[PDB]
Amino acid sequence: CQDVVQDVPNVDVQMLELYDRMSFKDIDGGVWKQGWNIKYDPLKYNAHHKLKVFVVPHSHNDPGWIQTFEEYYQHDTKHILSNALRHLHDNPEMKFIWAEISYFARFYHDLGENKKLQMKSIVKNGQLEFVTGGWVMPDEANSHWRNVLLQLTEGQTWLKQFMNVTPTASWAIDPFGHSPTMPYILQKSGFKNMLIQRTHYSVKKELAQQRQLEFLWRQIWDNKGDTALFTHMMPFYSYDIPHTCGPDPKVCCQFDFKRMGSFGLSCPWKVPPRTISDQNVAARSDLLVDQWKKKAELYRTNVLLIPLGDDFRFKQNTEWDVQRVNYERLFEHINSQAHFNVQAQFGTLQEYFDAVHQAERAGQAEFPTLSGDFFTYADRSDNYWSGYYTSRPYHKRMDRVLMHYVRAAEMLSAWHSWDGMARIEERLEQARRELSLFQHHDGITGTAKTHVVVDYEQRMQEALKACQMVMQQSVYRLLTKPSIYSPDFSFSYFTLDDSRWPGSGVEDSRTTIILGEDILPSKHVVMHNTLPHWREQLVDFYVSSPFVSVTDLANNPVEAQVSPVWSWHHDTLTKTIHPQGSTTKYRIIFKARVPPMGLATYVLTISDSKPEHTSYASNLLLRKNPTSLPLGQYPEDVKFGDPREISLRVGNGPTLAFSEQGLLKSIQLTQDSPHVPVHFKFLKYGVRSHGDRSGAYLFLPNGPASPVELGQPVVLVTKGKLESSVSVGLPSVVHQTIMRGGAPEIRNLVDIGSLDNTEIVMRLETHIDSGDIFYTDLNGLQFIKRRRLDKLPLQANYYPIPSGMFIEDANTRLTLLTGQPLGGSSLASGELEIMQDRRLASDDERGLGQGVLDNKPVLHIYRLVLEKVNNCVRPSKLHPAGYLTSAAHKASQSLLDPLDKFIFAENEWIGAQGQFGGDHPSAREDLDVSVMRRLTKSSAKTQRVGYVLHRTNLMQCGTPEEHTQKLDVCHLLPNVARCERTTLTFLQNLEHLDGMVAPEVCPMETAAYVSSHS
Ligand SMILES: *[C@@H]1O[C@H](CO)[C@@H](O)[C@H](O)[C@H]1NC(C)=O
Ligand SMILES: N[C@H]1[C@@H](O)[C@@H](O)[C@@H](O)[C@H]1O
Ligand SMILES: [Zn+2]
């Protein structure tokens, strides 16, 4: 295993180093506005060395943006695919690349058999080529790597099954900025090449000048280079035709033959395309070939890529003709005019890459090595695209919830083979597909129109219900004596209980367990733990009486705590935000202990008075002018007081101090240690009154943020033996700090209501001497070092926070882990800040045509980990990566993959068992079974189960932490007959494994295995 901490990779281009050196001046470069006047030596190309040009036709089809997926499919995409089928069938040399499998599968299944055969034939012969092959072209900023892999797998599994092809070249022309997580997953999924486009105009200029637009992109920690994936970055401002034939859009626009008028399109540079004829072909070719030769100077080989397309292009038959015919005339002239020394033709993406590598092997070029990312993107001037790191945060949080429910549903149901009547495969496929669709770059990014966002939300809601159905049927089968198990596949044996989604104050959706002497004395609940190690975690349920006690299935008592059910209300009468307690439902909390990838059953039983092993939290409402808060039979009366500073400590955990406004002011790790200053503050960013306005994509603040005026907020303090908390009703945010004995959990119920042109940010102020350095993660997979650059505007220093961020000095680190992707930064030494929601009245001129005014209450969740790191073995100062500690990693897992909770729905569960998985191996803490998926239906004689194993890398900080078992996924199911290492999509076998044993992976590596069972 490579060491991912101690050896700084030696690469030709390291993006953080490049950023430190670059000046980012935005000067007018001439017709290439963001470049310079390119010059070339006409003698470079000659009879023995021609310029091979590949014109690659394409059509960018968004699975939802301005229209929903289905509206685009009906109005545009089905016609584009239908006409592509006809036109390619009829014109053997014409080519076309297709990226979005969600649309392709939708089309293909509607085709009659004769057309399915013609489509397979044009794919088989190479005229229509799939690029990437994922369900969508995902966002690369907010998406979790697990969902990037799920959607890639959903589209490639469909392509292998129906088209018998697996793309090895990727095409990502539209995500707003690019992540090295893509080459990471692709190279482990059989890919050999990838293409990207949206990178900062200054980066395009800088790499173009050194001919470093093509590079072997390796991971920032990869010293050997085995993760490297050849990458081509497009050089210009857009992937449309005006910005893909060469440096001058006024000339390239003349070669988009769809712009002559009848299609309603035109050239903004005021010179229209003209139909190619024998009288103008020499002059038109001379213009086009000169653009091509200028583009060619930016690359190292004699093979040139010329994409030919734009959004939802190649829809009409007349459009196919007008582009194909005019280009065929140009190629016939150019290729027969030796003085151009060019051979041009229609080609596919793979053809371009194969020819580039042939040039490379012939010794004509060597490519530079590069590591780093391409965030934060700016397409022009100071318009940095950091706003979409936060836009539509309710759905960004929903993304993470469904991410987990999909994994849990696939894992719980993988243990058995199911009869087709159970509709398990059906429900799982629907859930994987709706979550995969939302990975689109207008889905999770929050850049779609309002009704499209609603469509993604409905799809995800149906996916969540599908996951629940599968999960609860699976729990019932796993925990019921087999000879008693009598399933009704449409029945709800259990309902899931989720404390954080939609979240208290977002939706009253949780059911109350109703117990009573005259109706039902007890109720079974079951917890599932998707992680491969024993895990304990507090779980809570609503119950109809405070006198409830908990036992495990051996009837051993379990210590429990009951707290009131508090809801916050914006009282329109008193004009205050304050909590009301329920006088009929209460919260019971207890520690559940669950086996690796397993289940554990508990029983809640009512009694007529306080049970022996249940304690009751005290509650203290701090506000001036209080009124009574009765709580029904809750046994402890609520106490009141004027606002004041308070201090809490749960268990042996840290002691946290709060200000009289209910916000954290310090954390004391142990009895003796100092009260380290850590202050939470809420501020607001506004919008500029002149110049460019912030919108769903762009963040253009009118300066640093201003403090939210807090007034004298109501603060609620609940203190319990297992859980305590401090909650405060601030303008737009009920902010809650929850303590259970370790790093606190923070929850914000964010309702920006009608505060127009406002962005609400949560900031942490510490005295940590971080300077200009901070770390943020990429797709929940790795942490990358960031350096605040005062030479760039505030919004350029915002980066995606898909799951965590941290600051540190020689001795102290503060890590903020998130349960949803949001945007954030460290704008001054010792600070961390992360945007909660943004409500923008204006459109930001990128085509959405509306602002963001559809905000809804969202419950954001986090874990805040303050730690001493002076003893940790950290990467040197020059290493571009950072790594979490064991505590920060476990806190991230507590947010993203919590225990699942199930409540038995009927009155009695006959045949109930108390546990599943007690014999599953409890793997080392840095290993995860990211995916467990049965790959075969019940009629397959040989069953197959796939696993994706991911090992993260945690800092060595001196804690011995051993005693774990080797996890061999190939032996998790019995009767194994074969074990293979496969690509991450499970589509290709890479290694037949000895002894049918799946070795564990190295730190920061991910591997996939498939076990076969007789
Ligand atoms: C699928 O593609 C492979 C590779 O070209 C070919 O050999 C095979 O016959 C095709 N159809 C099958 C057998 O699935
Ligand atoms: N090019 C446009 C469409 O393709 C959408 O994805 C927009 O967000 C924009 O990028
Ligand atoms: Zn797009």
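As the structure lists them, so they are numbered: ligands from 1, and atoms in each ligand from 1. No hydrogens, no waters, no symmetry mates; every other heavy atom, side chains included, goes into these values. Numbers here are sequence positions counted from 1.
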Visitor: Would you say the side chains of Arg400 and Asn147 form a donor-acceptor pair under 3.5 Å?
Guide: no
Visitor: When you measure from atom 5 (O) of ligand 1 to every protein heavy atom, which one gives the shortest distance, and what is it?
Guide: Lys124 NZ, 4.8 Å
Visitor: Could you tell me if the ring centre of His200 sits under 6.0 Å from that of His178?
Guide: no
Visitor: How about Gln156 and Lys160: does a side-chain donor come under 3.5 Å of a side-chain acceptor?
Guide: no
Visitor: Using a 4.0 Å heavy-atom cut-off, say whether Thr445 meets ligand 2 through its side chain, its backbone, both or neither.
Guide: neither
Visitor: Assess, by modelled atom type and distance only, whether the side chains of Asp256 and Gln323 contain a donor and an acceptor separated by less than 3.5 Å.
Guide: yes
Visitor: At a cut-off of 2.8 Å, what protein N/O/S atoms sit near the Zn ion (ligand 3)?
Guide: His60 NE2, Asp62 OD1, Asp174 OD2, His441 NE2
Visitor: Does an N or O anywhere in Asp174 fall below 3.5 Å from an N or O of ligand 2?
Guide: yes
Visitor: Do you see a donor-acceptor pair shorter than 3.5 Å between the side chains of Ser381 and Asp26?
Guide: no
Visitor: How close do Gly347 and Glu351 get, heavy atom to heavy atom, and via which atoms?
Guide: CA-OE1, 3.1 Å
Visitor: Which atoms from ligand 2 have a heavy atom of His441 less than 4.0 Å away?
Guide: 6 (O)
Visitor: Can you list the ligand 2 atoms lying under 4.0 Å from a non-hydrogen atom of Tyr697?
Guide: 7 (C), 8 (O)
Visitor: Quick check on contacts: which atoms of ligand 2 are under 4.0 angstrom from a heavy atom of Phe176?
Guide: 8 (O), 10 (O)
Visitor: For a quick check under 3.5 Å, do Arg838 and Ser391 share a side-chain donor-acceptor pair by atom type?
Guide: yes
Visitor: Tell me: protein heavy atom nearest atom 1 (C) of ligand 1, and distance?
Guide: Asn164 ND2, 1.4 Å
Visitor: State whether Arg106 and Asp110 are salt-bridged, where the test is any N-O pair (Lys NZ or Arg NE/NH1/NH2 against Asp/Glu carboxylate O) under 4.0 Å.
Guide: yes
Visitor: Between the side chains of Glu70 and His75, does any donor sit under 3.5 Å from an acceptor?
Guide: no
Visitor: Taking the six-membered ring for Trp, is the centroid-to-centroid distance between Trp32 and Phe236 below 6.0 Å?
Guide: yes
Visitor: Cation-pi check for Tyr394 against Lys396: NZ or CZ below 6.0 Å from the six-membered ring centre and within 45 degrees of the axis, yes or no?
Guide: no
Visitor: For atom 3 (C) of ligand 2, what is the closest protein heavy atom, and at what distance to 0.1 Å?
Guide: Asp62 OD2, 3.0 Å
Visitor: Does ligand 2 have an atom under 4.0 Å from some heavy atom of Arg198?
Guide: yes
Visitor: Please report whether the ring centroid of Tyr389 lies less than 6.0 Å from that of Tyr799.
Guide: no
Visitor: Without hydrogens or angle criteria, can the side chains of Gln34 and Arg380 be said to hold a donor-acceptor pair below 3.5 Å?
Guide: no
Visitor: If you scan the protein for heavy atoms around atom 9 (O) of ligand 1, do you find one that is closer than 4.0 Å?
Guide: no
Visitor: Can you find an N/O atom of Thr447 closer than 3.5 Å to an N/O atom of ligand 2?
Guide: no
Visitor: For the rings on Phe375 and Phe176, is their centre-to-centre separation under 6.0 Å?
Guide: no
Visitor: Relative to ligand 2, is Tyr239 under 4.0 angstrom through side chain, backbone, both or neither, heavy atoms considered?
Guide: side chain
Visitor: At what distance is the nearest protein heavy atom to atom 5 (C) of ligand 2, and which residue and atom is it?
Guide: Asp442 OD2, 3.1 Å
Visitor: What do you reckon, does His440 have a nitrogen or oxygen under 3.5 Å from a nitrogen or oxygen of ligand 2?
Guide: no
Visitor: Counting only heavy atoms closer than 4.0 Å, does ligand 2 sit against the backbone of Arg846, its side chain, both, or neither?
Guide: neither
Visitor: Give the numbers and elements of all ligand 2 atoms closer than 4.0 Å to a heavy atom of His60.
Guide: 4 (O)
